[PDB]
Amino acid sequence: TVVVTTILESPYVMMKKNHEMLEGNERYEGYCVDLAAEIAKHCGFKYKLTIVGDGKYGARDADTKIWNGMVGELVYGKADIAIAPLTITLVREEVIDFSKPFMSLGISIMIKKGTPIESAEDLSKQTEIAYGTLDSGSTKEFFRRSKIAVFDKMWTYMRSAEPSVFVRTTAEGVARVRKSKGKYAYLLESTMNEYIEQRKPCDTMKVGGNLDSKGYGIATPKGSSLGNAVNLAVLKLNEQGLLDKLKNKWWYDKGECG
Ligand SMILES: Cc1cccc(Cn2nnc(-c3o[nH]c(=O)c3C[C@H](N)C(=O)O)n2)c1
């Protein structure tokens, strides 16, 4: 029985309305719940969905060099596979294996609609509008490592800003954009940015294009007997249009903007 780690982010994984009446994997619904079921059915294994204990995607602690988040759950044996919007990055590939991507994304900028910011460079050259990103995720790592002048300027500001411009959850980032009256911009992936832009109260927007181009992948620990079969499953699901089907199922709700 394969232990799956994932993260409670709508629309990937959500508690069903009647979850108290249900058990095990039946408590959950969403894109990654369906994807887990499809991967398991194609590979022929039983599995148990679990929510990442520390709530994080995953970064290497600068002091202890210990990985946290879903990455750490794989590296140190709490889970066998991660099925989540987990970004494929070279630093993470040092310690875990990824499938080919099942969804594309890029780093992007979220603002309150009407805020006078058109680009990363616009953000970088001012301080009235604070801006930041998620702790222990791939976007913070991207900015920390970037040698692009604009992005390094942004990092130099973010890493030393007080009070902190970083958030612990993606929902907190979005809430801070909304609560700040245009005085906070959140650096987050284009998936969440566009998903939120389409939903009530319809007060946020993605500005400029994306800052990079990456993907989400299914992750396994190095040496896992599962890696090969999981990668083949993702490729077949993609080819068969199942990933398109899951996006069409989970991305668009009734009663949203427009
Ligand atoms: C549609 C939808 C709804 C909610 C959440 C998501 C996934 N997601 N969107 N943005 C992020 C994100 O932004 N900066 C980061 O660091 C991460 C995390 C990143 N994916 C990582 O692996 O570290 N993660 C997508």
# chains A, B, ... in the order shown; residues from 1 in each chain; ligands from 1
>>> residues_around(residues="segment 72-80 of chain A", least_positions_apart="4", cutoff="10 Å", atoms="only C-alpha atoms", output="number ranges by chain")
A: 1-6, 47-50, 52-54, 56-60, 66-68, 95-97, 219-222, 224-227
>>> write_last_selection(atoms="N, CA, C and O atoms", output="compact mmCIF listing (two decimals), in the first residue's frame")
# COMPACT_ATOMS: atom_id res chain seq x y z
N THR A 1 0.84 -1.20 0.00
CA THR A 1 0.00 0.00 0.00
C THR A 1 0.88 1.26 0.00
O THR A 1 1.63 1.52 0.93
N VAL A 2 0.71 2.05 -1.04
CA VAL A 2 1.55 3.22 -1.29
C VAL A 2 1.03 4.41 -0.48
O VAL A 2 -0.14 4.77 -0.59
N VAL A 3 1.90 5.02 0.32
CA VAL A 3 1.53 6.22 1.08
C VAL A 3 1.79 7.45 0.22
O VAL A 3 2.94 7.73 -0.17
N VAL A 4 0.72 8.18 -0.08
CA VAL A 4 0.75 9.39 -0.90
C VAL A 4 0.75 10.59 0.03
O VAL A 4 -0.12 10.70 0.91
N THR A 5 1.69 11.51 -0.17
CA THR A 5 1.60 12.81 0.48
C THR A 5 1.08 13.84 -0.52
O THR A 5 1.41 13.82 -1.71
N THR A 6 0.24 14.74 -0.02
CA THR A 6 -0.32 15.81 -0.82
C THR A 6 -0.62 16.97 0.12
O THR A 6 -0.29 16.94 1.30
N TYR A 47 -3.38 2.53 -2.25
CA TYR A 47 -2.71 3.71 -1.75
C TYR A 47 -3.54 4.35 -0.64
O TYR A 47 -4.74 4.11 -0.51
N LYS A 48 -2.85 5.16 0.17
CA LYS A 48 -3.45 5.92 1.25
C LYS A 48 -3.05 7.38 1.10
O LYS A 48 -1.85 7.72 1.15
N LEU A 49 -4.04 8.25 0.91
CA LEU A 49 -3.81 9.68 0.87
C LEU A 49 -3.56 10.25 2.26
O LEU A 49 -4.33 10.00 3.20
N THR A 50 -2.49 11.04 2.37
CA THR A 50 -2.17 11.74 3.61
C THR A 50 -1.84 13.18 3.29
O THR A 50 -1.34 13.49 2.22
N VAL A 52 0.39 16.42 4.02
CA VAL A 52 1.72 16.78 4.53
C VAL A 52 1.62 17.41 5.92
O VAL A 52 0.90 18.40 6.16
N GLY A 53 2.37 16.82 6.86
CA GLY A 53 2.22 17.18 8.26
C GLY A 53 2.57 18.63 8.56
O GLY A 53 1.90 19.29 9.36
N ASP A 54 3.64 19.12 7.96
CA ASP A 54 4.10 20.47 8.26
C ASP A 54 3.53 21.52 7.32
O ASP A 54 3.86 22.69 7.48
N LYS A 56 3.97 22.29 4.19
CA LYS A 56 4.89 22.94 3.26
C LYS A 56 5.11 22.12 1.99
O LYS A 56 4.93 20.89 1.96
N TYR A 57 5.50 22.84 0.94
CA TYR A 57 5.89 22.20 -0.31
C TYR A 57 7.26 21.55 -0.17
O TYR A 57 7.40 20.33 -0.36
N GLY A 58 8.28 22.34 0.12
CA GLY A 58 9.54 21.74 0.53
C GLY A 58 10.76 22.55 0.13
O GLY A 58 10.95 22.92 -1.03
N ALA A 59 11.61 22.79 1.13
CA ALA A 59 12.87 23.49 0.97
C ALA A 59 13.90 22.86 1.88
O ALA A 59 13.54 22.20 2.87
N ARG A 60 15.16 23.08 1.56
CA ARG A 60 16.28 22.62 2.38
C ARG A 60 16.64 23.72 3.37
O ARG A 60 17.02 24.83 2.98
N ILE A 66 18.30 20.01 6.34
CA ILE A 66 17.19 19.06 6.32
C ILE A 66 16.06 19.59 5.46
O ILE A 66 15.65 20.76 5.58
N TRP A 67 15.54 18.74 4.58
CA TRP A 67 14.37 19.07 3.76
C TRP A 67 13.08 19.00 4.56
O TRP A 67 12.86 18.07 5.34
N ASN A 68 12.21 19.96 4.32
CA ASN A 68 10.89 19.95 4.96
C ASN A 68 9.82 19.73 3.89
O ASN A 68 10.11 19.42 2.73
N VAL A 95 17.49 15.34 -4.73
CA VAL A 95 17.08 14.42 -3.68
C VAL A 95 15.82 13.63 -4.00
O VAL A 95 15.56 12.62 -3.32
N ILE A 96 14.98 14.04 -4.96
CA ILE A 96 13.82 13.24 -5.34
C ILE A 96 13.75 13.16 -6.86
O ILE A 96 14.40 13.92 -7.58
N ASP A 97 12.95 12.22 -7.35
CA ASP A 97 12.72 12.06 -8.78
C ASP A 97 11.34 12.58 -9.14
O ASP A 97 10.39 12.40 -8.37
N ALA A 219 6.26 13.02 -7.68
CA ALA A 219 7.58 12.83 -7.11
C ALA A 219 7.67 11.54 -6.31
O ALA A 219 6.73 11.16 -5.61
N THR A 220 8.84 10.92 -6.37
CA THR A 220 9.17 9.72 -5.61
C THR A 220 10.57 9.88 -5.04
O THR A 220 11.39 10.61 -5.59
N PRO A 221 10.89 9.16 -3.98
CA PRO A 221 12.25 9.22 -3.47
C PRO A 221 13.20 8.54 -4.44
O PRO A 221 12.81 7.66 -5.22
N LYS A 222 14.46 8.97 -4.41
CA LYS A 222 15.47 8.33 -5.25
C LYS A 222 15.56 6.85 -4.95
O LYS A 222 15.56 6.43 -3.79
N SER A 224 13.24 4.67 -5.75
CA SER A 224 11.94 4.07 -5.58
C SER A 224 11.64 3.09 -6.71
O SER A 224 11.83 3.40 -7.89
N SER A 225 11.12 1.94 -6.33
CA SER A 225 10.63 0.99 -7.31
C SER A 225 9.47 1.55 -8.12
O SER A 225 9.14 0.99 -9.18
N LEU A 226 8.86 2.64 -7.68
CA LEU A 226 7.65 3.16 -8.30
C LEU A 226 7.91 4.16 -9.40
O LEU A 226 7.02 4.41 -10.22
N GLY A 227 9.09 4.77 -9.42
CA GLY A 227 9.33 5.91 -10.30
C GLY A 227 9.03 5.62 -11.75
O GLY A 227 8.34 6.38 -12.42
>>> residues_near_ligand(ligand="ligand 1", cutoff="6 Å", atoms="only C-alpha atoms and all ligand atoms", output="ChimeraX atom specification")
/A:9-10,57,85-87,134,137-139,188-189,191-192,195
>>> atom_distance(atom1="atom CA of residue 258 of chain A", atom2="atom CA of residue 203 of chain A")
12.3 Å
>>> closest_residue(among="A:161, A:46, A:106, A:140", to="residue 24 of chain A", atoms="only C-alpha atoms")
A:46
>>> residues_around(residues="residue 104 of chain A", least_positions_apart="6", cutoff="7 Å", atoms="only C-alpha atoms", output="ChimeraX atom specification")
/A:214-216
>>> write_last_selection(atoms="N, CA, C and O atoms", output="CSV table (one decimal), in the first residue's frame")
chain,number,residue,atom,x,y,z
A,214,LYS,N,7.9,26.3,-15.9
A,214,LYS,CA,8.2,25.1,-15.2
A,214,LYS,C,6.9,24.2,-15.3
A,214,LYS,O,6.0,24.5,-16.0
A,215,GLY,N,6.9,23.1,-14.5
A,215,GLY,CA,5.8,22.2,-14.4
A,215,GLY,C,5.7,21.6,-13.1
A,215,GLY,O,6.7,21.6,-12.3
A,216,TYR,N,4.6,21.0,-12.8
A,216,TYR,CA,4.3,20.2,-11.7
A,216,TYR,C,4.5,18.7,-12.1
A,216,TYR,O,4.1,18.3,-13.1
>>> select_by_dssp(residues="segment 114-191 of chain A", states="strand (DSSP E or B)", output="PyMOL selection string")
chain A and resi 130-132+134+167+184-189
>>> residues_around(residues="segment 247-252 of chain A", least_positions_apart="4", cutoff="7 Å", atoms="only C-alpha atoms", output="list in words")
residues 11, 30, 31 and 243 of chain A
>>> write_last_selection(atoms="N, CA, C and O atoms", output="PDB file, in the first residue's frame")
ATOM      1  N   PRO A  11      -8.080  23.630  -6.111  1.00  0.00           N
ATOM      2  CA  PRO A  11      -8.991  22.499  -6.302  1.00  0.00           C
ATOM      3  C   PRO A  11      -8.297  21.163  -6.423  1.00  0.00           C
ATOM      4  O   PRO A  11      -8.883  20.211  -6.949  1.00  0.00           O
ATOM      5  N   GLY A  30     -10.912  16.147  -5.518  1.00  0.00           N
ATOM      6  CA  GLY A  30     -10.218  17.188  -6.240  1.00  0.00           C
ATOM      7  C   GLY A  30      -9.347  16.622  -7.338  1.00  0.00           C
ATOM      8  O   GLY A  30      -9.263  15.397  -7.514  1.00  0.00           O
ATOM      9  N   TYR A  31      -8.667  17.521  -8.054  1.00  0.00           N
ATOM     10  CA  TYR A  31      -7.822  17.134  -9.168  1.00  0.00           C
ATOM     11  C   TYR A  31      -6.794  16.080  -8.767  1.00  0.00           C
ATOM     12  O   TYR A  31      -6.623  15.076  -9.474  1.00  0.00           O
ATOM     13  N   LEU A 243      -5.555  14.311 -18.331  1.00  0.00           N
ATOM     14  CA  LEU A 243      -5.190  15.498 -17.580  1.00  0.00           C
ATOM     15  C   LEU A 243      -6.008  16.692 -18.043  1.00  0.00           C
ATOM     16  O   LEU A 243      -6.389  17.535 -17.231  1.00  0.00           O
TER      17      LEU A 243
END
>>> closest_residue(among="A:90, A:109, A:129, A:196", to="residue 145 of chain A", atoms="only C-alpha atoms")
A:90
